[PDB]
Amino acid sequence: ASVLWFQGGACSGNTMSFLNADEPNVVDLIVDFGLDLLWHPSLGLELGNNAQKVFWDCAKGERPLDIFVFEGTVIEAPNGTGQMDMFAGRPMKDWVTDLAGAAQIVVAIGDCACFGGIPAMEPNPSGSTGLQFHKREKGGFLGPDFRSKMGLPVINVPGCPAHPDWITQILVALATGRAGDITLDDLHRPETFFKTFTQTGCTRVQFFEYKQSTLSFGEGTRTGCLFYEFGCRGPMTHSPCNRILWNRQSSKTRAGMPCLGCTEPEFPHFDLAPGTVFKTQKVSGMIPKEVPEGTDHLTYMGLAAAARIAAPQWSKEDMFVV
Amino acid sequence: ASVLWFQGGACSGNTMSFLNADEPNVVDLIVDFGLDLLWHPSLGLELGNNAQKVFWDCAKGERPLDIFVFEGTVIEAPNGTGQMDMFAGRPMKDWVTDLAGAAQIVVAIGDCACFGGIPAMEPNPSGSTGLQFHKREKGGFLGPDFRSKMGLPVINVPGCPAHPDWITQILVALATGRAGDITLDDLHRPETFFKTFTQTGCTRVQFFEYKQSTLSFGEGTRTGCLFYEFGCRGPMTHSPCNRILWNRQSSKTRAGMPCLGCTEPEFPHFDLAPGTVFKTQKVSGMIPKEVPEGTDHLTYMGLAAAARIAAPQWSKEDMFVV
Amino acid sequence: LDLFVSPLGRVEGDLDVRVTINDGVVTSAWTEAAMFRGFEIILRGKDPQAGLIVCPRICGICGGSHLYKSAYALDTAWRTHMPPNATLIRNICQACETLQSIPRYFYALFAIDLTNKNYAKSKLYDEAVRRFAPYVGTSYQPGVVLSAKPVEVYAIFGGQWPXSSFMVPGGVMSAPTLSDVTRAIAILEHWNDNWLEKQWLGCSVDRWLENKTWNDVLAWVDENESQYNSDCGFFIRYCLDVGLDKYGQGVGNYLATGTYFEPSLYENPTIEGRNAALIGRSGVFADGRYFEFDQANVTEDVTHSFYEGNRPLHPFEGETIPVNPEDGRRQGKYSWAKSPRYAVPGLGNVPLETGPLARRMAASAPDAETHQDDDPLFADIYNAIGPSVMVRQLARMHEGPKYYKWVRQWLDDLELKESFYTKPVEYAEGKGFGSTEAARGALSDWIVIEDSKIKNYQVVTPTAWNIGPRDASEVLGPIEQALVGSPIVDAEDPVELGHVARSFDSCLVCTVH
Amino acid sequence: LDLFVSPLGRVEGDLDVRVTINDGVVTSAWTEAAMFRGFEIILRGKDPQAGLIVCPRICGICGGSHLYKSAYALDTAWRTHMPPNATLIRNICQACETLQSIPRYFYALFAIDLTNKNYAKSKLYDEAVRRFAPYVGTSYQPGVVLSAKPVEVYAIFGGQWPXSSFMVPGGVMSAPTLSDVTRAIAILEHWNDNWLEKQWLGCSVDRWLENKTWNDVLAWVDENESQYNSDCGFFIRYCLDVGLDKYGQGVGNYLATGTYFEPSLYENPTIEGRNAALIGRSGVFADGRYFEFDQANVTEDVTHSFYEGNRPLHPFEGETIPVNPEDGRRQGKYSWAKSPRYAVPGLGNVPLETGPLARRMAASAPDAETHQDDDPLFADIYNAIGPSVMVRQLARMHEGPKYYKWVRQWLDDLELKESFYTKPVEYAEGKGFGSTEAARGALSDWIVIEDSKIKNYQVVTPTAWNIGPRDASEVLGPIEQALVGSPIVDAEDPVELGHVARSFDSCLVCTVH
Ligand SMILES: CC1=CC(=O)c2ccccc2C1=O
Ligand SMILES: CC1=CC(=O)c2ccccc2C1=O
Ligand code: FCO
Ligand code: FCO
Ligand code: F3S
Ligand code: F3S
Ligand code: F3S
Ligand code: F3S
Ligand code: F3S
Ligand code: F3S
Ligand SMILES: [Mg+2]
Ligand SMILES: [Mg+2]
Ligand code: 3NI
Ligand code: 3NI
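Parameters at a glance
- Residues numbered from 1 in each chain as written, not as in the entry; some residues may be left out.
- Chains lettered and ligands numbered in written order.
- Heavy atoms only, no water.
- Residues with missing side-chain atoms left out of burial classes, pairs and counts.
- UniProt positions renumbered as here; feature names shortened; annotations may be inferred.
- Helix = DSSP H or I, 4+ residues; strand = E, 2+ residues; numbered from the N terminus.
- Buried < 20%, exposed > 50% of the residue type's maximum accessible area, 1.4 Å probe, protein only.
- Contact = heavy atoms within 4.5 Å.
- Near = heavy atom within 4 Å.
- Nonpolar A, V, L, I, M, F, W, Y, C, P; charged D, E, K, R; others polar.
- Donors = N, O, S within 2.8 Å, 3.2 Å for Na, K, Ca; no water.
- Core = buried A, V, L, I, M, F, W, Y, C linked by side-chain atoms within 4.5 Å.
- Pairing = 2+ DSSP bridges.
- Axes fitted to C-alpha atoms, helices over the stretch in contact; angles between N-to-C directions.
- Expected span 1.5 Å × (residues − 1).
- Buried area = accessible area lost by both parts, 1.4 Å probe.
- Salt bridge = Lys/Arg side-chain N within 4 Å of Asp/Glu carboxyl O.
- Polar contact = N/O pair within 3.5 Å; in protein donor to acceptor, adjacent residues only side chain to side chain.
- Areas by Shrake-Rupley, 256 points an atom, 1.4 Å probe, with all protein chains shown as cover.

In the PDB header, cryo-EM is given as the technique by which the entry was determined, and 1.67 Å as its resolution.

Structure below.
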C-alpha cells in the first residue's frame, strides 16, 4: 500500500505525533506492515526533481497511490490561487486536487486537513480550509461529494494533532485487511476512536459527576473536574484521548488541562475570542453556556444540583496526590 | 539498596506483573537504579546452600537488607508451625520474622502478602495471613506495631496482582531519594496510587453517572457501567487501575470485567460466596447493597433516579464500538 | 551421597530436590513441593464461577491458562454456547500468555544456569555468559523485557495480565474493538520481529517451522551466521557442547490435553467433543505409541503426597485433605504435589511428562484434522536423539514460532461485528471438565457444581504431572526420573538438577495450588 | 548554473532553495520559505492567552518550545509569579522536547542524507548506509523510535506531546505526582541509556561532557571501539572523511536568547531579569566577540519577504501584512520568512545564526554564574576548525548529554508538595517578551495585550533567524551564507544544499508561522 503524505498549511504536529506511534511504532508501520511511504516532507529522502517525479507519477497515475495522507490546511489564498502554499512548483491545493483524485483512500490527518483548524480561524489569512470540511460545514476544498477510488470520503483523523494511534491503527487496519471494519461518523472520523468522548476515561469524571470543580491550575488540579471553571470540552468532544492515552502516559484533562475540543470541527472553539480560553462561559454566573453532549440545560442543572447535594467527601478533596 | 524478594503463599503473579514493568522495566530497575536484587525465587541465580547463605546473611545482619519484599501469604498452618510453607530449611514465616526484622523497609506486594488475600479465604487451609494485616484487621503476621528499621510499617502494595508500577515507582522513589515523598494510607498503601478509585479514569464512568448498566458480557460491554449488574467494585476500590493502565493497555473495567476490588483488604469480597461473583448484590431487586464509597443509599438512589431521568441518548448506546 | 537442594529456585514456587548421587550421577531423586495454599479446598462451597477468580491465582505466570480451562470447565458444566469470536479470543490470550512464558522462562529462569562455572571450559562459555548472565546478559535483557509484549495482547482483550477473569461461561467479558485487534496485531508483530525472529531465531518463523527433522534443525543452525548466532542456534550449539542433550531424558511418555479450539468445532463445549475440536492436539504418547487423551483415565495418587487418601482418585471424585508434613514424612510422604497418573492400556497408571515436548509429540500423531497441529519434527527428534534437557527446551522454544503464527491468524479470524458472549444458563448442577495446554503442559479442571455451589473442584496442573512424587507403585514422577541419571559435577552447586527441573519449566505454585 | 531545488524536504515545512553554482560551488543562494499560515495575524484580537493554544501549533516538533516562551511572554506581560516547581517543569518539558528533537531530527531528517551516492567512494559509506538509511538503518530505527521517549516525559507533565498548552502564566496547569516524577526519571534514564549513551555516544554522558576541546573530541572518537563506533564517533569520522567539516560555515555570528531558568532567579519573570536567570545562557557572538542578548536589538526586515513594510521593525511594533507572492517577486521578495536582524554595536543590524551552535558559543562566554551553562568546548571548536555542517551538527548532538543531565537534575529538584501555579492577575494591558531556546535556537514572542485582547503578537523563530532572506542591505541570512561556498557534486541531487539547510535543523513551519 503506497502512502503519499503531504503537508499544506501544517505545523507538522500530526507527523510529529505520528512519529510517537507505538504498537506499531512508525518504523515498523512504514517497514513491516507493507505500507510503502512514497514520500513525506519530514521523512522522504527525495528532494527537488526526484521528489517531484514521485509526486507527478502519483498525480498522473503512472504509479499507484493507495493512501494520500494530507496534513495541514488546503491553503487557497491569495485570491484562490493557493500561492501562500507553493509546493514542488505548484500551489499545494493543485497537488491536493490531483493526488486526492488519484488516491484509493484520502486521509486528512489533523484538524487543519480535516476542517481547516487553527489556520482557518478568522481572519483566515491563508484562505485555509479542510479537505472535505470547512469547520463543521461539509464541503471543504474537495467538495461534499468527493470520494476516493475506494469509494470513501476523506477519512478525517482529527485532532490538533491527531494522536498517533488514530492514524496508525487505521493504517494497520487498512494493511491487515480490516478496512471493512472502519466505520466513519458524520464527520468522517473513525468511530472506533470517535464514538467515545474525551471525558470517556477522564480521571476527573467522578468529580464531574458530583459537580466538583477544579478551582485553579497547578496543585488545584489535584482534585475536581475542569468543566466548570476551565472550559473543558471533554463532555462535548468526541475522542479517545482518555481511552487511548497520549504518549502512552496521559491526556490533557488527566494532567489538569481542559480539553480544547480539538477533535471537533469547530476547533478552536469560539476562535479563542477574549474570555473563552481556559474559561467556562456561563450564563448568570452559574449555568454553563454549553452543557455535555445530548443533555439540556434544565436536566443538566437539575441533576447537577442533586449531584452537588449527594457529593461524597472524597469528591471534594485532592485525589491526584503526590 | 539491597532487595530480598521472598514468596510465601504466593502464585508469583506479583512477580510476573512486576516483570511487566515498563518505565522502568524490570532489568533497568534491577540494574540501572542501584537496587541490588540479592535474590528472588523466580529470578535469583543461587540455589540450595548458596541461596540460603544469602538469606542467612540478611537474616542475621551479616549483610545489609534495605528492602525486604514479601509476596504471597505468611503461611502459619499447620497448627502455627508454618510447615505448609517450608522454604530453605525453615517455615517461611520464620524467614519472614527474621528478614522483616532485618530490613530497612518491608514491602508486602500483592493482597496475599498485604492482607492474606485469596489463600486467607475461608476455610484458609494454609493458615494464611498478611504481613501486617489479616484482611482489613491490622495486625497480620508481624503485628500492628511492627516497624521496619526506617521506621515504616510494612508498605502494602496491594492488588492481586499488584500492577508493576505500584511497586516499581515506589522502588524508583526509594532509589531516587524520594522516599520522603511516599505517603501511605490507613492500609499502608502508597497514596500516590491508592487515593484514586478503580473508577477513577474508568471509561464507563459516564455510564455510571447516568446509571446506564452494562447488561451482558461480550458485546454487551460496548456500553454501560458494570456497577449495577456485574458487581463492579470500582467505586468502592482504591486503585489507580484506570489511571495507570494495566500492561499499558487497559484495565478490568475498561475491558468489560467488573473490578473485583482486589486492592482492598477484604478481597476476595464476600469470599466468592454463591451469587456474589460478577453480580451486584441488590436489596429489593434495585438498590445495590453496597453504594460507592462515601455515599449513602438514600442520596445515591435519589441521585441515581435523577441521573436515569437526565440520561442523554448516547449513554444508552454502544460507545466502545468496533 | 544424599544431597538435599533447598531451595531450587526459578521454578515459580517452593521446590526442594533430594537426590542420591553415586559416582557423580543421580541414581534416585525426590521432588518435594514445599508450599501449600489449598485452592481446591477454598473453592468448595463457593460460587460456581469462583474458579474464574481463584484459579488464575494458582499461578502468576500461567493464571491465564488456569482461567482458560476454568472457563471451559464451566462452559462444559453448563453446556454453554461459545461464539467463535470468544473461542478465538480465548485461544489468542492462552497463546499470548504462553508466548510471554516462553522467553520469560527461557532467559530469566532457565538460561542463566548456562552461565554456571561448570561450563567455564566450554569454548562457548564466554558467549553464554555474555548472552544469558542474569540481568546483564545481552540476550537476557531484551528477552525478558520483550516477554511482556505478548501479555499486552492478553491485557487488550482481558483488561490486564496477570489477574484477569474475563473468560466466562458463554464467551469472554470483553468486546474487542478495531483498534484492539490492530494494536494486538502490531504488538505481536513487533514482538515476533524483535524477539522471536531477530533474537531467538535469527530467521523468520516460517524458516524455523520448515525444520521437520533433527537433521533439519542441525542444518538450520549451520545454514547461515544469523541462525548460527541466534539465541536458538547458540542454545543448540551450547547444549550439544556442554552435554545438555545427554541427560534429563525422563519418562519418555507424554501427556498433552491439548488446547486451542477450532471455533466452529467447539461452539458448544462438551467433554466428549473436546479432542476433535482441538487445534493444539491432545495426545498421550506412551511406550512409543500414540493414544487419545481421555480425562477419565486421569487419577491422582497421594501415597507420597501430604494428603490423606488410600487410592488414586479421578479428579471428579478428587479430594484435597492435607496431612501435617511432620506426620506425612513419617509415612514416607514428601511433597505437596499430588501424583497424577494416567491409565494407559497395557501399562497401568503411568507417570506422563507434560509440557511442550508432550505437545510436540502429540502434534506428531497420525490422522491430524485440517485445523490441527500436524508437526513431525519432535517425533523425529525423539527417535533421533530422544528426550533431554535440550530437546525438552527445544520443544518449548519451538512453540514460539508455531503459536505466534496461530495467534496472528486468530487475530485475523476475529469477526468484530459478531458476538463475543452468549449468556449461559447458570445451572445449579453440572460436571465440568476444562483443559488447556498451559505453557508447561496439560492443565485441567474437574468441577462439580451442585446446588449452585462448587461441590468439588480439582485442578491438575502440568508440573503436578511432571513433578508429582512417586505413586503407590513407587514409580517416580517424570521430573524425578528425569533427574535420575543426571551428572553432578559439583554437589555444592548442583546446577544439573536445576537444568532438569527447570527444563520442564516447573511451576511449583501450580504444582500444589 | 542557476539551480532551483523544490522541494528541499526534511526541514519541517516548505522550502525551496535557489542557488547560483560556479565551478561546482554555490556562489549565491536564496532560501524561499513557501508556505504561510499567518498565526500572528490570527492572534490579533484573540484572548491574551490564545498564544498558549496557537503558538504551539506554529510547529509540531517545537510546539512545546513555543508554549514555553508564549507562557513566559504572558508571565512577563502580566508580571506573574512562577513557583520554582513550575519553572522546573517548564525547563524539563522544554528540554525534553529538545531531547526528542535531537535524535528525531538527526536520524529522520539529517543523517539519511549521509547515505547519498555522492559518498559511495568513502570507505565508511557502507556503514553509513547500514546505520542511517531511511527506515531500515540500524541507527535510524532505534534513534527515531527512542526519540518518542523524552516527549513521554513532556506528556507526563503536560498531558500530551505535541499539542499541550499546560504552561500558563503563573506556572503550569498540572500537578505532578510522585509516580509522575519517578516515571519521568525512569523514562529519561532509559532513553539516556538506550539511545544517548548506548547508541549515540557509546560512552556515558559524563565522559562526553569531559570533552572541552576539539582535540578532546578527536581523542574521544579514538579512545576506544565503543566511542569510535558510536553514532557520534561514526558521524564525526564520516564528516571528516566526506568533507562535512569543509562547508556550511555560514555567518560565524550567533544569537542565543537562552532558556531554562534557574527557578529561584525567575520567580517573577521580567524582561530585564531574564538573562541573569537563564541556565542555558543567552549570548550574542559576533565578530569573534561576546555580547549580551537584548531583545530591544531585534528587528525584522521584510524587504525580501512577502510582507508589506519599508523599515525593520522591532517585534513589539511588528506587523505581518502579507503581499501576494506574485507581486512580491516583482519587487525582489522571495520568501515568506521575515529577515530577523540583530543590532550589534559596530556591526549594524546583522544576521545571526541561531541554534545549538549559537547556544554552545553563548555557553563559552566569560562570567557564567553558578547556575549557568559554562562550556568552552565550542569556543575551542569554533577557533580550531570554525563552523561547518559537522560542527553545527556536533553542537546539536552535544546538547543531548548536557540537557539530559539538566533534566535529570531538575526532576530531582522538584518539590512535589510545593506549588506549581500561582494564579496571576490577568491584566487588561501588558507587554510581554518570552524567549526560549527551541531545539533550533532562539525562539521569541513579543506580545502586546491591550483591552484584555492581543493587540500585537510577533513570533520570531530560530529558523526565521537562520533561513530568513536578505535584509534591506542585501546581507544574506545565515543559511543563505552557509549555502554559499557549498560544493555541488550533482545538480540533479544537490544533497549538499540539503546538508547545509538541514544542519541548521531548519523548521519552515516555524520560519513563517
Ligand atoms: C453546574 C456545575 C457546577 C459545578 O460545580 C461543576 C463542577 C464540575 C463539573 C461540572 C459542574 C457543573 O456543571
Ligand atoms: C441504582 C443504579 C441503577 C443503574 O442502572 C445503574 C447503572 C450503572 C451504574 C449504577 C447504577 C445504579 O446504581
Ligand atoms: N504453565 C503452567 Fe502452570 C503449571 N504447571 C499451569 O497450569
Ligand atoms: N526548534 C524550533 Fe521551531 C524553529 N525554528 C521554533 O521556535
Ligand atoms: S497539530 Fe498542526 S498540522 Fe494542523 S491539525 Fe494541529 S495545527
Ligand atoms: S471529567 Fe474530564 S474530560 Fe473535562 S469535563 Fe471533567 S476534566
Ligand atoms: S483538545 Fe484534543 S487531544 Fe483530546 S483532550 Fe481534547 S480532544
Ligand atoms: S497475584 Fe498471586 S501472590 Fe497473591 S496477591 Fe494475587 S494470589
Ligand atoms: S464506571 Fe467503571 S470502575 Fe466499575 S462501577 Fe462503572 S465499570
Ligand atoms: S480487581 Fe484490582 S487490578 Fe484494579 S480493576 Fe479492580 S483494583
Ligand atoms: Mg489439584
Ligand atoms: Mg513572526
Ligand atoms: Ni504456574
Ligand atoms: Ni518547528
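So, next bit.
Colleague: Would you explain the UniProt feature "binding site: Ni(2+)" (unreviewed entry) in chain C in this entry?
Modeller: Residues and elements named next belong to chain C. As annotated by UniProt and renumbered to match this structure, "binding site: Ni(2+)" (unreviewed entry) occupies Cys-62 and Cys-507. These annotated residues cover 446 residues of sequence, and their C-alpha atoms all fall within 8.8 Å of one another, placing them together at a single site. Turning to its location among the elements, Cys-62 is positioned in the loop between α2 (50-54) and α3 (63-77). Residue class for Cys-62 comes out buried when judged on its relative accessible area of 2%. Those residues within four positions of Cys-62 in sequence are excluded, and the remaining contacts are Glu-97, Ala-438, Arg-440 and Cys-510. Here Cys-507 shows up in the loop between α20 (495-503) and α21 (508-512). Beyond its immediate sequence surroundings of up to four residues, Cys-507 is in contact with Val-11, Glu-12, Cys-59, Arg-440 and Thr-463.

Colleague: I keep staring at unusual backbone geometry and nothing clicks. Help me out?
Modeller: Residue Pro-268 of chain B is reached from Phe-267 of chain B by a cis peptide bond, and omega for that bond is -5°. Of note, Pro-268 of chain B is situated in the loop between α10 (252-255) and β12 (282-283). With omega at -5°, the peptide bond leading from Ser-6 of chain D into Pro-7 of chain D counts as cis. Among the secondary structure elements, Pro-7 of chain D is positioned in the loop between β1 (2-5) and β2 (15-22). The phi dihedral of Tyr-135 of chain C is positive, around 70°, even though this residue is not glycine. For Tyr-135 of chain C, the location among the structural elements is in the loop between α5 (125-132) and α6 (140-146). Judged by its relative accessible area of 13%, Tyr-135 of chain C is buried. For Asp-505 of chain D, which is not a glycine, the phi torsion comes out positive at approximately 55°. As for its placement among the helices and strands, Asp-505 of chain D is situated in the loop between α20 (495-503) and α21 (508-512). Relative accessible area serves as the criterion here: at 1%, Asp-505 of chain D is assigned to the buried category.

Colleague: How do you make sense of the interface of chain D and chain A when you look at a structure like this?
Modeller: Many authors give the size of an interface as the accessible area that is lost as the parts come together. Chain D puts 87 residues into the contact, and the matching count from chain A is 80 residues. Residue contributions to the side of chain D that touches chain A peak at seven residues, all from helix α7 (residues 148-158) of chain D.

Colleague: Please clarify how the UniProt feature "binding site: Mg(2+)" (unreviewed entry) in chain C should be interpreted in this entry.
Modeller: With numbering aligned to this structure, UniProt lists the feature "binding site: Mg(2+)" (unreviewed entry) at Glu-40, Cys-59, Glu-300, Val-459 and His-513 of chain C. Looking at where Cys-59 of chain C falls in the secondary structure, it is placed in the loop between α2 and α3. Look past the residues within four positions of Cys-59 of chain C in its chain and what remains in contact with it is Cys-11 of chain B together with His-66, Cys-507, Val-509 and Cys-510 of chain C. Position of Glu-300 of chain C among the secondary structure elements: in strand β11 (residues 298-301). Not counting residues up to four positions away in its chain, the partners in contact with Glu-300 of chain C are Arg-311, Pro-312, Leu-313, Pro-315, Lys-338, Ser-339, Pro-340, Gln-458, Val-459 and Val-460 of chain C.

Colleague: How should I be thinking about the site of ligand 6 in this particular structure?
Modeller: Around ligand 6, the neighbouring residues are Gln-199, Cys-202, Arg-204, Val-205, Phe-208, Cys-225, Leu-226, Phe-227, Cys-232, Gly-234, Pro-235 and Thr-253 of chain A. Looking at the shell around ligand 6, its residues break down into eight nonpolar, three polar and one charged.

Colleague: Just to check I follow, could you spell out the coordination of the nickel ion (ligand 13) for this structure?
Modeller: Geometry sets the ideal angles at a metal, namely 109.5 degrees for four tetrahedral donors and 90 or 180 degrees for six octahedral donors. All names here are of chain C. Taken together, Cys-59 (SG), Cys-507 (SG) and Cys-510 (SG) make up the full set of protein donors to the nickel ion (ligand 13), lying 2.1 to 2.6 Å away. Sequence spacing of the donor residues for the nickel ion (ligand 13), all on one chain, is C-x447-C-x2-C. For the pair the nickel ion (ligand 13) and the iron atom of ligand 3, the metal-to-metal distance amounts to 2.8 Å, and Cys-510 bridges them. Remark: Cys-507 occurs in the loop between α20 and α21 and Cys-59 occurs in the loop between α2 and α3; sequence separation between them is 448 residues. Judged by its relative accessible area of 1%, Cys-59 falls in the buried class.

Colleague: Quick question: what am I supposed to make of the nonpolar core here?
Modeller: A general trend in soluble globular proteins is that nonpolar side chains are found buried together. Within the largest apolar cluster, 430 residues are counted, with the highest numbers of intra-cluster contacts made by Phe-157 of chain C together with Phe-157 of chain D. Sequence-distant contacts of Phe-157 of chain C, that is, excluding residues within four places in its chain, are made with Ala-255 of chain B together with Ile-89, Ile-92, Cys-93, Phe-166, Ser-174, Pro-176, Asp-180, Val-181, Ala-184, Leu-411 and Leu-414 of chain C. If you look at the next biggest cluster of nonpolar residues, it comprises 34 residues, including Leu-303 of chain A together with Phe-208, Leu-303 and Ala-310 of chain B.

Colleague: What am I meant to see in the sheet that holds strand β3 (residues 67-71) of chain B here?
Modeller: Sheets are built from strands that pair by backbone hydrogen bonding, the pairs being arranged parallel or antiparallel. All names here are of chain B. Read across the open sheet, the five strands follow the order β2-β1-β3-β7-β11; overall the sheet is parallel. Each edge of the open sheet carries a strand with a single partner, namely β2 (36-39) and β11 (155-157). Direction aside, neighbouring strands of the sheet carry axes that sit 25° apart on average. Here five bridges tie β3 to strand β7 (residues 105-109), and the two strands are oriented parallel to one another. Its bridge partner being in β7, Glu-71 is matched across the sheet by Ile-109. Contacts between helix α6 (residues 164-175) and the sheet are confined to β3, β7 and β11, with β7 contributing the most and set at about 165° to the helix.

Colleague: Sorry, what's going on with α3 of chain C here?
Modeller: In an α-helix, one turn spans 3.6 residues; hence positions three or four apart end up facing the same way. Compared with an ideal rise of 1.5 Å per residue, which puts 15 residues at 21 Å, α3 of chain C spans 20 Å between its outermost C-alpha atoms and is within 8% of the ideal. Positive backbone phi, at 50°, marks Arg-79 of chain C, one or two positions downstream of α3 of chain C.

Colleague: Is there a simple way to think about the interface of chain D and chain B in this case?
Modeller: Contact with chain D, which involves 22 residues of that partner, is made by 21 residues of chain B. Counting the surface lost from both chain D and chain B, the interface buries some 1500 Å², and carbon and sulfur atoms represent 48% of this. Among the residues chain D hides against chain B, the three largest losses belong to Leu-178, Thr-182 and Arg-183 of chain D. Together they make up 37% of the total. Between chain D and chain B we count three salt bridges in total.

Colleague: Help me out: how do you make sense of the site of ligand 1 in this one?
Modeller: All names here are of chain A. Neighbouring ligand 1 are the residues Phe-208, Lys-211, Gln-212, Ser-213, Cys-225, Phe-227, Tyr-228, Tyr-300, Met-301 and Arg-308. Take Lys-211: an N or O atom from its main chain is 2.8 Å from an oxygen atom of ligand 1. Its free accessible area being 320 Å², ligand 1 has 94% of it covered by the protein chains. At the level of secondary structure, the elements contributing two or more residues to the shell around ligand 1 comprise α9 (227-230) and α11 (297-310). When residues of the shell around ligand 1 are assigned to their parent elements, the largest contribution, three residues, is made by α11.

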